[PDB]
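K.L.:
experimental structure and sequence below.
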Amino acid sequence: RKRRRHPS
Amino acid sequence: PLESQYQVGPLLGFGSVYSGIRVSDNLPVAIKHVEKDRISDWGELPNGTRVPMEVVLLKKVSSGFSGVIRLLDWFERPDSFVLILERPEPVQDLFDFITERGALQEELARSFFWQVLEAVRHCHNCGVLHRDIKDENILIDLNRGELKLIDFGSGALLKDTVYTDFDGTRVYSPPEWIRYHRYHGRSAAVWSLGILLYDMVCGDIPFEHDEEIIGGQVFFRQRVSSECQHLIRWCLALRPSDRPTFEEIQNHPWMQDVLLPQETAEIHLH
Ligand SMILES: Nc1ccc(-c2n[nH]nc2-c2ccc(C(=O)O)cc2)cc1
């Protein structure tokens, strides 16, 4: 499963 | 002068944060540049100088408590502000830490979550609402086992009335923001702490889409103790008034017998 950052 | 008081190194990490060393005492720093054209909320210092709200909030939380990043100094330039921020060494942010380690053992997640709670309490006691609590905004001082909350660029002065604006991270934002574009500060913070705690003990955040955020179902993809599941589900109550206070979080059975920061470093980080 792909884990990613999330910009503000 | 900024170029004369600091030795500037390479980029760290669309943001602009550079590694640095304070020429006075060779102290490691992070040098953060913020364009005036991109500043959302402005504030005023005691001197009345118009500064980014981020600087206002950083000054209000700066003190001896090392759970929040310390603003060491700041400068104004024609088109930007420059922020001199603390830089622990060695350091890793909690996002990369969870990526490399996967789901954290509950003993380690307990120590980290407890330290985040103390840091957020410190913010609120100083009149500051962070509004962007997430693993990306938490630095781990690996040698001391201490966590540091960073990036107040989405924060606000803490108030008891409703907020109708938000610029933090959507997948950590509460369902009342998703549905009604309104929230109250503390209960929204508690929701983001629920997302963060799930993130720690499962290895990634639970929700990626708006419909998951408002749906009110928490599936656990990893073995997680009943006590920890209860705390997480409590923090993620759909109704904000149903969420725990910070006191209720820290009194929860899962939170008892936390490790000290130094114990955390020696057992889990060394
Ligand atoms: N991925 C990543 C690696 C290293 C840092 C870092 N290292 N030392 N200070 C910082 C730092 C502190 C505060 C802020 C802020 O308040 O915005 C930004 C950066 C931050 C992130």
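P.N.:
That came through fine. Numbering: from 1, shown residues only, chains lettered A, B, ... in the order given.

K.L.:
contacts, neighbours, all on C-alpha from now
P.N.:
Fine.

K.L.:
chain B against chain A: which residues are in contact?
P.N.:
B:95, B:99, B:132, B:136, B:167, B:168, B:169, B:170, B:171, B:204 (C-alpha under 8 Å from any C-alpha of the partner chain).

K.L.:
tell me if residue B:73 really is in a strand.
P.N.:
Yes - Residue B:73: assigned to a strand according to DSSP: H, G, I helix; E, B strand; the rest coil.

K.L.:
OK, contacts around it?
P.N.:
Counting by C-alpha atoms under 8 Å, 6 or more residues apart in numbering or on different chains, residue B:73 touches B:83, B:84, B:85.

K.L.:
next one: the second one from residue B:104, what distance?
P.N.:
Taken as C-alpha to C-alpha, to the nearest Å, the spacing of residue B:84 relative to residue B:104 amounts to 32 Å.

K.L.:
of the two, which one has the most company?
P.N.:
Ranked by neighbour count (other C-alpha atoms under 10 Å in any protein chain shown), residue B:84 and residue B:104 place residue B:84 first, with 23 against 19.

K.L.:
mind telling me what element the more buried one is part of?
P.N.:
strand B:80-86 (DSSP states H and E).

K.L.:
could you list every helix and strand that that strand packs against?
P.N.:
strand B:27-35, strand B:71-76 (3 or more C-alpha pairs under 8 Å, 6 or more residues apart in numbering or on different chains; DSSP states H and E).

K.L.:
could you point out which element follows it?
P.N.:
Using DSSP H and E, the helix or strand that follows strand B:80-86 in sequence is strand B:91-93.

K.L.:
can you work out which other helices and strands pack against that following strand?
P.N.:
Counting by 3+ C-alpha pairs under 8 Å, 6+ apart, strand B:91-93 packs on strand B:138-141.

K.L.:
briefly note if the strand it packs on comes near the ligand.
P.N.:
No - Strand B:138-141 lies out of reach of the ligand by C-alpha under 6 Å from any ligand atom, never closer than 6.7 Å.

K.L.:
tell me what the helix or strand following that strand is packed against?
P.N.:
The helix or strand immediately downstream of strand B:138-141 is strand B:146-149, counting by DSSP H and E. Helices and strands touching strand B:146-149, as assessed by 3+ C-alpha pairs under 8 Å, 6+ apart, comprise helix B:106-125, strand B:138-141.

K.L.:
so of the ones you listed, which one's packed in deepest?
P.N.:
Among the helices and strands packed on strand B:146-149, the stretch with the highest mean neighbour count (mean count of other C-alpha atoms under 10 Å in any protein chain shown) is strand B:138-141, at a mean of 22.
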